[PDB]
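In the entry's author numbering, the protein residues as written are 1 to 207.
As C-alpha coordinates, this is what we get:
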(Lines of atoms letter the chains of each structure in order from A and count residues from 1; the text may use other names and numbers.)
(Lines give C-alpha, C1' and ligand atoms only; values in the text may rest on other atoms or scores of the structure.)
Protein backbone atom coordinates (compact mmCIF):
# COMPACT_ATOMS: atom_id res chain seq x y z
CA UNK A 1 0.00 0.00 0.00
CA UNK A 2 1.23 3.45 -0.86
CA UNK A 3 0.98 6.34 1.62
CA UNK A 4 1.70 9.85 0.31
CA UNK A 5 2.73 11.99 3.29
CA UNK A 6 2.35 15.70 2.55
CA UNK A 7 3.56 18.62 4.69
CA UNK A 8 1.20 21.58 4.22
CA UNK A 9 2.45 23.31 7.40
CA UNK A 10 4.38 26.60 7.13
CA UNK A 11 7.09 24.88 9.21
CA UNK A 12 9.33 21.80 8.64
CA UNK A 13 8.07 18.50 10.06
CA UNK A 14 9.90 15.19 10.43
CA UNK A 15 7.42 12.55 9.37
CA UNK A 16 7.52 9.20 11.14
CA UNK A 17 6.05 5.81 10.30
CA UNK A 18 6.24 2.72 12.53
CA UNK A 19 4.30 -0.32 13.78
CA UNK A 20 5.78 -0.14 17.30
CA UNK A 21 8.38 -2.89 16.91
CA UNK A 22 9.64 -1.90 13.45
CA UNK A 23 9.91 1.01 11.05
CA UNK A 24 7.49 1.15 8.14
CA UNK A 25 9.55 1.89 4.98
CA UNK A 26 12.49 4.20 5.99
CA UNK A 27 10.65 5.02 9.27
CA UNK A 28 11.22 8.81 9.06
CA UNK A 29 12.25 11.72 6.82
CA UNK A 30 12.46 15.50 6.85
CA UNK A 31 9.62 17.28 5.03
CA UNK A 32 10.12 20.99 4.44
CA UNK A 33 6.95 23.07 4.01
CA UNK A 34 5.18 21.79 0.90
CA UNK A 35 7.24 18.60 0.47
CA UNK A 36 5.67 15.19 -0.24
CA UNK A 37 7.13 11.79 0.71
CA UNK A 38 5.65 8.55 -0.62
CA UNK A 39 6.13 5.37 1.43
CA UNK A 40 5.24 1.72 0.89
CA UNK A 41 3.56 -0.20 3.68
CA UNK A 42 3.42 -3.97 3.56
CA UNK A 43 -0.04 -5.53 3.12
CA UNK A 44 -1.36 -7.00 6.41
CA UNK A 45 0.40 -4.37 8.52
CA UNK A 46 -1.51 -4.27 11.79
CA UNK A 47 -1.33 -1.35 14.22
CA UNK A 48 0.64 0.98 11.95
CA UNK A 49 1.00 4.68 12.82
CA UNK A 50 2.14 7.84 11.05
CA UNK A 51 2.88 11.10 12.86
CA UNK A 52 4.67 14.45 12.66
CA UNK A 53 7.70 15.48 14.68
CA UNK A 54 8.64 19.17 15.14
CA UNK A 55 11.87 21.09 15.94
CA UNK A 56 14.25 18.21 15.31
CA UNK A 57 18.07 18.17 15.34
CA UNK A 58 20.00 15.35 13.75
CA UNK A 59 23.69 14.80 13.01
CA UNK A 60 25.09 13.02 9.90
CA UNK A 61 24.35 9.60 11.36
CA UNK A 62 20.65 10.45 11.89
CA UNK A 63 20.90 10.83 15.67
CA UNK A 64 19.43 13.64 17.73
CA UNK A 65 16.21 14.85 19.26
CA UNK A 66 12.80 16.29 18.36
CA UNK A 67 10.77 18.68 20.56
CA UNK A 68 7.66 16.62 19.84
CA UNK A 69 7.18 12.98 18.87
CA UNK A 70 10.83 11.98 19.30
CA UNK A 71 11.38 8.28 18.63
CA UNK A 72 14.47 7.46 20.72
CA UNK A 73 16.42 10.19 18.92
CA UNK A 74 16.39 8.57 15.48
CA UNK A 75 15.59 10.32 12.20
CA UNK A 76 14.43 6.93 10.92
CA UNK A 77 11.86 5.76 13.52
CA UNK A 78 11.65 2.10 14.56
CA UNK A 79 9.36 2.66 17.56
CA UNK A 80 6.43 4.96 18.46
CA UNK A 81 7.12 8.60 19.30
CA UNK A 82 7.17 10.50 22.59
CA UNK A 83 3.72 12.03 23.26
CA UNK A 84 2.09 14.40 22.59
CA UNK A 85 1.60 13.14 19.04
CA UNK A 86 -1.45 13.33 16.78
CA UNK A 87 -1.72 9.81 15.31
CA UNK A 88 -2.82 8.50 11.91
CA UNK A 89 -3.63 4.84 12.72
CA UNK A 90 -4.19 2.00 10.29
CA UNK A 91 -4.46 -1.77 10.11
CA UNK A 92 -4.42 -3.17 6.56
CA UNK A 93 -5.93 -6.35 5.07
CA UNK A 94 -7.74 -7.38 8.20
CA UNK A 95 -10.15 -10.05 6.91
CA UNK A 96 -10.22 -8.34 3.53
CA UNK A 97 -10.67 -4.73 4.72
CA UNK A 98 -8.52 -1.80 5.87
CA UNK A 99 -9.31 0.27 8.98
CA UNK A 100 -8.23 3.88 9.49
CA UNK A 101 -8.62 6.51 12.20
CA UNK A 102 -7.04 9.53 13.82
CA UNK A 103 -6.37 9.44 17.57
CA UNK A 104 -5.73 12.09 20.21
CA UNK A 105 -5.33 9.35 22.93
CA UNK A 106 -1.59 10.15 23.00
CA UNK A 107 -2.13 13.91 22.80
CA UNK A 108 -1.89 16.32 19.86
CA UNK A 109 1.03 18.19 18.22
CA UNK A 110 0.29 18.87 14.52
CA UNK A 111 -3.14 18.93 12.74
CA UNK A 112 -3.75 16.15 10.20
CA UNK A 113 -5.99 14.69 7.55
CA UNK A 114 -5.84 10.95 6.79
CA UNK A 115 -7.74 10.05 3.59
CA UNK A 116 -7.85 7.30 0.95
CA UNK A 117 -6.57 8.24 -2.53
CA UNK A 118 -8.54 5.29 -3.92
CA UNK A 119 -12.28 4.58 -4.02
CA UNK A 120 -14.96 3.48 -1.58
CA UNK A 121 -14.50 5.18 1.81
CA UNK A 122 -14.24 8.60 3.45
CA UNK A 123 -11.21 10.21 5.10
CA UNK A 124 -10.82 11.27 8.75
CA UNK A 125 -9.56 14.67 9.89
CA UNK A 126 -8.37 16.54 12.96
CA UNK A 127 -7.49 19.99 11.58
CA UNK A 128 -8.31 22.28 14.54
CA UNK A 129 -5.79 24.34 16.52
CA UNK A 130 -5.70 22.05 19.54
CA UNK A 131 -2.32 23.38 20.69
CA UNK A 132 -3.53 27.01 20.64
CA UNK A 133 -6.71 26.10 22.57
CA UNK A 134 -5.06 23.57 24.94
CA UNK A 135 -6.14 23.67 28.62
CA UNK A 136 -3.33 25.08 30.82
CA UNK A 137 -2.83 21.80 32.77
CA UNK A 138 -2.34 19.78 29.52
CA UNK A 139 0.09 22.18 27.79
CA UNK A 140 3.46 20.57 27.07
CA UNK A 141 6.38 23.01 27.53
CA UNK A 142 8.24 20.81 25.08
CA UNK A 143 5.34 21.75 22.75
CA UNK A 144 1.90 20.27 22.00
CA UNK A 145 -1.16 19.30 24.05
CA UNK A 146 -0.82 16.25 26.33
CA UNK A 147 -3.55 13.65 26.84
CA UNK A 148 -4.69 13.46 30.49
CA UNK A 149 -3.31 9.92 30.96
CA UNK A 150 0.23 11.12 30.13
CA UNK A 151 -0.06 14.07 32.54
CA UNK A 152 -1.83 12.51 35.52
CA UNK A 153 -1.37 8.69 35.36
CA UNK A 154 -4.76 7.73 36.93
CA UNK A 155 -6.90 4.64 36.22
CA UNK A 156 -9.71 6.90 34.99
CA UNK A 157 -7.63 8.75 32.33
CA UNK A 158 -5.57 5.71 31.35
CA UNK A 159 -8.56 3.35 31.22
CA UNK A 160 -6.71 0.75 33.20
CA UNK A 161 -9.65 -0.97 34.94
CA UNK A 162 -11.31 -1.29 31.53
CA UNK A 163 -14.47 0.68 32.36
CA UNK A 164 -13.36 4.35 31.91
CA UNK A 165 -15.72 7.18 30.92
CA UNK A 166 -15.30 10.59 29.30
CA UNK A 167 -13.69 13.40 31.33
CA UNK A 168 -13.32 17.23 31.27
CA UNK A 169 -9.99 16.69 29.39
CA UNK A 170 -11.23 14.04 26.87
CA UNK A 171 -14.27 16.27 26.09
CA UNK A 172 -11.88 19.13 25.16
CA UNK A 173 -10.19 16.96 22.49
CA UNK A 174 -13.58 15.72 21.40
CA UNK A 175 -15.01 19.24 21.06
CA UNK A 176 -12.03 20.44 19.00
CA UNK A 177 -11.86 17.21 16.95
CA UNK A 178 -15.14 15.23 16.89
CA UNK A 179 -13.67 12.80 14.35
CA UNK A 180 -10.69 11.62 16.43
CA UNK A 181 -10.45 9.28 19.43
CA UNK A 182 -10.40 11.45 22.65
CA UNK A 183 -9.97 8.58 25.14
CA UNK A 184 -9.44 4.81 25.00
CA UNK A 185 -13.17 3.92 25.22
CA UNK A 186 -14.46 6.75 23.01
CA UNK A 187 -17.26 5.97 20.55
CA UNK A 188 -15.15 4.77 17.57
CA UNK A 189 -14.52 7.04 14.58
CA UNK A 190 -12.73 4.28 12.65
CA UNK A 191 -13.48 4.09 8.92
CA UNK A 192 -13.72 0.80 6.98
CA UNK A 193 -11.96 0.97 3.60
CA UNK A 194 -11.51 -1.67 0.86
CA UNK A 195 -8.59 -4.00 1.57
CA UNK A 196 -5.42 -2.69 -0.10
CA UNK A 197 -6.60 0.93 -0.38
CA UNK A 198 -3.99 3.65 -0.88
CA UNK A 199 -3.76 6.75 1.31
CA UNK A 200 -2.58 10.32 1.84
CA UNK A 201 -1.61 11.80 5.24
CA UNK A 202 -1.60 15.62 5.12
CA UNK A 203 -0.10 17.73 7.96
CA UNK A 204 -1.86 21.11 8.45
CA UNK A 205 -4.70 20.23 6.03
CA UNK A 206 -6.36 23.59 6.42
CA UNK A 207 -3.25 25.74 6.98
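Built from N, CA and C at the ideal position, the CB exists for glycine as well.
* Look at the Cβ atom of residue 147, then the Cβ atom of residue 84, and state whether they are nearer than 8 Å. => yes
* Asked: Quick one: is residue 171 buried, meaning 16 or more other Cβ sit within 10 Å of its Cβ, or exposed?
  -> exposed
* Asked: When the Cβ atoms of the stretch 63-76 are set against those of the stretch 111-124, are three or more pairs found closer than 8 Å?
  -> no
* Asked: Helix, strand or coil for residue 193 per DSSP?
  -> Strand.
* To do: Output the distance between the C-alpha atoms of residue 63 and residue 49, rounded to the nearest integer angstrom.
  => 21 Å
* Bridge partners of residue 210, per DSSP? -> The structure shown does not extend to residue 210, since the chain is modelled only from 1 to 207, so the question has no answer here.
* Whose CA, out of 18, 12 and 22, lies closest to the CA of residue 35? -> 12
* Asked: What are the boundary residues of the beta strand (DSSP E) that includes residue 66?
  -> 64-68
* **Option in 162, 163, 143 and 139 with minimal Cα separation from residue 152** => 139
* **Beta-bridge pairing of residue 80 - partner residues as DSSP gives them** => Answer is none; residue 80 lacks a bridge partner.
* How long is the line joining the alpha carbons of residue 59 and residue 65, rounded to whole angstroms? -> 10 Å
* Asked: Pairing CB atoms from the stretch 17-34 with CB atoms from the stretch 90-104, are three or more of them under 8 Å?
  -> Cβ pair count under 8 Å is below three, so no.
* Specify, as a first and last residue, the run of the alpha helix (DSSP H) that residue 153 falls within. => It is not in any alpha helix (DSSP H) - residue 153 carries neither H nor E in the DSSP assignment.
* Note the first and the last residue of the continuous beta strand (DSSP E) segment covering residue 24. => 23-31
* Give me whichever residues DSSP pairs with residue 15 in a beta bridge. => Bridge partners of residue 15: 29 and 52.
* To do: Find out if the Cβ-Cβ distance for the pair residue 115, residue 183 is shorter than 8 Å.
  => Contact check for residue 115 against residue 183 fails: the beta carbons are separated by 8 Å or more.
* Can you tell which of 6, 75, 55 and 9 has the C-alpha that lies nearest to the C-alpha of residue 23? -> 75
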